[PDB]
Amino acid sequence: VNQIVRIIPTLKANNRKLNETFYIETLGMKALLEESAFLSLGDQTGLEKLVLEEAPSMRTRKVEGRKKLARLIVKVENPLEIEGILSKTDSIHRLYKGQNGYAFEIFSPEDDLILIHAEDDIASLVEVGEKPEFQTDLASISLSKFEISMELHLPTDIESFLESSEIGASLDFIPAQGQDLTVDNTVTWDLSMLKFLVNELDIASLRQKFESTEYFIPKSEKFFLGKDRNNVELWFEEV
């Protein structure tokens, strides 16, 4: 009961079209759902893997220092799809290569650092200095299959409600200092929610877990919304 099937991060986005151009046009993700509050992103499986959420500059500001999101990691299945992407973009931050193929880093419009790679262990990545030219026999940049994981910056004086037992390999905590690492999630453009899709939802265990804190159960009982000690929202529902 409450076994984690998938974790979906929500990143706050300032300019929608900017962020769309980046994740869809540049990176090769698919728009699944186009609501007005948010863009549901995924791949050709049709499954949601990343959510962007719009926050106006009226209400919102840029992180100073380390972000709660240290890095978003996009593990691509076909490595020739990464080379397809690079054949089309002028603006990568850094190029790597490992066992299975090339990999790169690039900053998003909200300065989130994204690693796109194809490795069974991203620790095999070696930085290539001189950029090559990339060819492609592929007819579409679209990423067919990818898996999101992430590195999260966590201060040393707080503990996440998230257990290593639960959060597996999808989530890596890096010790970190910075003013905005525990800021209320309305304050900055950053990681604002993690959604956990689970085998069966148990509201009782979750109530117990977050007893020391604010939580929310809708009248439908279809999910449980808790809040982590760094003020990232933690949403649980069935898959």
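Just count from 1 along the sequence shown to find any residue number.
*Asks:* Quick one: say whether 57-65 or 204-212 has the higher mean Cα B-factor in the deposited entry.
*Replies:* The stretch with the larger average C-alpha B-factor is 57-65.
*Asks:* Could you check the entry and say whether 147-155 or 91-99 has the higher mean CA B-factor?
*Replies:* On average, C-alpha B-factors are higher across 91-99.
*Asks:* Considering only modelled residues of the same chain, in which third does the CA B-factor of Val74 rank: lowest, middle or highest?
*Replies:* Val74: CA B-factor falls in the lowest third of its chain.
*Asks:* Using the B-factors in the PDB entry, rank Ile7's C-alpha atom against the chain and give the third, lowest, middle or highest.
*Replies:* Tercile = lowest for this residue's CA B-factor.
*Asks:* Can you tell me which third, lowest, middle or highest, the CA B-factor of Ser170 falls into for its chain?
*Replies:* Within its chain, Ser170 is a highest-third residue by C-alpha B-factor, going by the deposited values.
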